[PDB]
Amino acid sequence: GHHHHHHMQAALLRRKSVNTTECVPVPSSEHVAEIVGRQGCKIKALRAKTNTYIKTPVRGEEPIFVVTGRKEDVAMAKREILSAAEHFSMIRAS
RNA sequence: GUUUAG
């Protein structure tokens, strides 16, 4: 709800425990789809696991996630997104 | 043996 959004922005403004925001590109919206999962189940699990705010890109726009949180947490979420994107490329590529 | 949540 709005409480979560407001508190998230307040945490960014303190720049204590949340201190990093990074763009994480993947090759295509099809990659985005498989990384996010149905109903966003996989990207929501990733946010929970890494304690990160993640913005999923809209289909048809640039397939680039934005990941925000503690530096080491953003690095873990970025690692998992990029590894997932490479996974789907390796197993789907013709 | 995966295919877009707020």
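Residues numbered from 1 in each chain as written, not as in the entry; some residues may be left out. Chains lettered and ligands numbered in written order. Heavy atoms only, no water.

As recorded in the entry header, the structure was determined using X-ray crystallography to a resolution of 1.7980 Å.

In this structure, the largest pocket spans a volume of roughly 400 Å³. In terms of lining, the largest pocket is formed by 16 residues, of which the most central are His-4, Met-8, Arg-47, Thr-52 and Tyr-53. For the lining of the largest pocket, the elements supplying multiple residues, two or more each, are α1 (2–14) and β3 (64–69). Ranked by residues supplied to the lining of the largest pocket, first place goes to α1 with six residues. Of the residues assigned to the lining of the largest pocket, the class counts are five nonpolar, nine polar and two charged. (1 Å grid on protein atoms, 1.4 Å probe; cavity = no way out; pocket = protein on both sides within 12 Å on 5 of 7 lines; lining within 4 Å. Points joined across faces, edges and corners; volume = space filled by probe spheres on them. Helix = DSSP H or I, 4+ residues; strand = E, 2+ residues; numbered from the N terminus. Nonpolar A, V, L, I, M, F, W, Y, C, P; charged D, E, K, R; others polar.)

The subject of this paragraph is the protein's contact with RNA strand B. In the vicinity of RNA strand B lie 25 residues, with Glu-34, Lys-42, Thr-56, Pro-57 and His-87 positioned nearest. Put simply, 41% of the atoms of RNA strand B that lie within 4 Å of the protein are in sugar or phosphate. One of the side-chain N or O atoms of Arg-92 is found 2.9 Å from a phosphate oxygen in RNA strand B. For the surface near RNA strand B, the secondary-structure elements that each account for two or more residues are α2 (29–36), α3 (41–50), β2 (53–55) and α4 (71–92). No other element matches the six residues that α2 contributes to the surface near RNA strand B. (Near = heavy atom within 4 Å. Polar contact = N/O pair within 3.5 Å; in protein donor to acceptor, adjacent residues only side chain to side chain.)

Moving on, we get to the pattern of salt bridges. Any two side chains of opposite charge can pair, so long as their charged atoms come close to each other. Summed over all chains, the structure comprises three salt bridges. Here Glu-80 ties to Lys-49 by a salt bridge, and the two come within 2.6 Å at their closest N and O atoms. Taken together, the positions of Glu-80 in helix α4 and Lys-49 in helix α3 put the pair 31 residues apart, joining distant regions of the chain. Judged by its relative accessible area of 57%, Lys-49 falls in the exposed class. (Salt bridge = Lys/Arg side-chain N within 4 Å of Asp/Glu carboxyl O. Buried < 20%, exposed > 50% of the residue type's maximum accessible area, 1.4 Å probe, protein only.)

Running from N to C, α2 and α3 point in directions that differ by 65°, and their axes come no closer than 5 Å. Between α2 and α3, the contacting residues are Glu-34, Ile-35 and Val-36 on the first element and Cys-41, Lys-42 and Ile-43 on the second. For the contact of α2 with α3, the residue count by class is four nonpolar, no polar and two charged. (Axes fitted to C-alpha atoms, helices over the stretch in contact; angles between N-to-C directions. Contact = heavy atoms within 4.5 Å.)

The next subject is the side chain of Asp-73. In this structure, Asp-73 sits in helix α4. No salt bridge is formed by the buried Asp-73; its nearest oppositely charged neighbour, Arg-70, is found at 4.3 Å. Residues contacting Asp-73, with those up to four places away along its chain left out, are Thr-50, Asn-51 and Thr-52. (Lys, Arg positive; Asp, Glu negative; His and termini not counted.)

Attention now goes to α4. Count 3.6 residues to each turn of an α-helix, and residues three or four apart come out pointing the same way. The terminal C-alpha atoms of α4, which comprises 22 residues, lie 32 Å apart, in line with the 32 Å expected from a rise of 1.5 Å per residue. Turning to α4, its buried residues number three or more, namely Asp-73, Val-74, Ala-77, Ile-81, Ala-84, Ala-85 and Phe-88. Projected onto a plane normal to the axis of α4, the buried residues spread over an arc of 105° and lie on a single side. Every exposed residue of α4 that faces more than 90 degrees away from the buried side is listed here: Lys-71, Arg-79, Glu-86 and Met-90. Check the buried side of α4 and you find it contacts β1 (20–25), α2, α3, β2 and β3. (Expected span 1.5 Å × (residues − 1). Arc of directions from axis to C-beta.)

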